[PDB]
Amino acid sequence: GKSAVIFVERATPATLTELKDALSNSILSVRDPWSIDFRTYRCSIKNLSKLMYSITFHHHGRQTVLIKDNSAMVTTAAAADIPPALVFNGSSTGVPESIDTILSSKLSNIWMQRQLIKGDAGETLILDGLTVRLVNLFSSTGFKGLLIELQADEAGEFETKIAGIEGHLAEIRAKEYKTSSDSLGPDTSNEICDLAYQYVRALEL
């Protein structure tokens, strides 16, 4: 376990800056803005979970993880992620698109997008043995809360890293928040899948 997502509902757009300030003395480095998209899909089929979640991470390109019934599938349309072997042999045209574009245009008879919440202009703070990303979450009706994503280099130091952040949360008066460091399958091999799953759990999508 090397990651966790904390969602702060009782907050204002400013809580993000207050948290970054409280953390600033420990900032080793600041990286590039990032964003994220949380899509919720409802299945049209007449019974036989009809909800599927789709998390698109924007970090020097996009990756989308689909989460349904405690399972995840990682997909991409980003050039740097395509296995070169797949292109050479013709399995791939080498010109992919998002699984969400696919879902909405080819499978809309089965899956309907019903919600899309976003986090734009997220920030990335590099601390010692800890990466912390912050982004304000927005919905159709506006600001929804603060999202904090933690990734530790060493799993053995993780509990210590999460408690430290939680401490900074108490000092800025962010009293109520939900933490998720859950793993998809207690086999824990896929980080991006557990991370996405953690966003789902933290946001109670």
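Counting begins at 1, following the sequence as shown.
The segment from residue 48 to residue 49 is interrupted, since 4 to 9 residues of the deposited sequence in that interval carry no coordinates. The mean C-alpha temperature factor is higher for 104-112 when 104-112 and 130-138 are set side by side. For the pair 152-160 and 53-61, the record assigns the higher mean C-alpha temperature factor to 152-160. The top Cα temperature factor in the record, among 177, 38, 41, 34, falls on 177. The entry lists C-alpha B-factors for 124, 71, 92, 76, and the highest of these is at 71. Split the chain's modelled residues into thirds by C-alpha temperature factor. Residue 200 is in the middle one.
Annotation for residue 28: CA B-factor lies in the lowest third of the chain's modelled residues.
Sort the modelled residues of the chain by CA B factor and residue 146 lands in the lowest third.
Ranked against the other modelled residues of its chain, the C-alpha B-factor of residue 66 as given in the entry falls in the middle third.
In the PDB entry, a CA B factor belonging to the lowest third of its chain's modelled residues is recorded for residue 22.
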